[PDB]
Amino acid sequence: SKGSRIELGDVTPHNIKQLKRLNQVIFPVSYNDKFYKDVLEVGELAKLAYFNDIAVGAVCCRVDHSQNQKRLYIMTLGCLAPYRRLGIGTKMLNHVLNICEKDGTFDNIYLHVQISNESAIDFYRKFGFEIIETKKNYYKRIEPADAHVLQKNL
């Protein structure tokens, strides 16, 4: 961290419009107004990422109680294409993993990744996520429609 050009910051009503703007560019699906209202209620489970003080990415997660487990679902985690491979993803993912580790009550953390997304698959597998399922027809309008479920056991 010493001398890093990357910092995470809180999401607030002042910068929620910035988060939406980033999400629009980065992710191929659009999120509704309820999504953005919810982000304001999850505390440290949502953050904006800054590179040299410029907002370039974001992470939004929620707690999911399914399969009789307590799970952390990564709804969105990403940064703008020109700033990729600079460790921003790592900073965001490590933040969420540290929240789970300090809580200690999570069974697993998981997300969906479109099957064509090789760089996301490489990235999550680096952190010990495993492809546990491939969901056919996960997306309704984009191609390929299929998504891998990537899960890390905690």
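Throughout, we count residues from 1 along the sequence that is shown.
If you average the C-alpha B-factors over 121 to 129 and over 35 to 43, the higher value belongs to 35 to 43. Relative to its counterpart among 135 to 143 and 6 to 14, 135 to 143 has the higher mean temperature factor, C-alpha atoms as listed in the PDB entry. Residues shown: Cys61, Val113, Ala49, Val29. Highest C-alpha temperature factor in the entry: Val29. Placement of the Cα temperature factor of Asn108 within the chain: middle third of the modelled residues, per the deposited record.
Residue-level temperature factors show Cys100 in the highest third of its chain, judged at the C-alpha atom.
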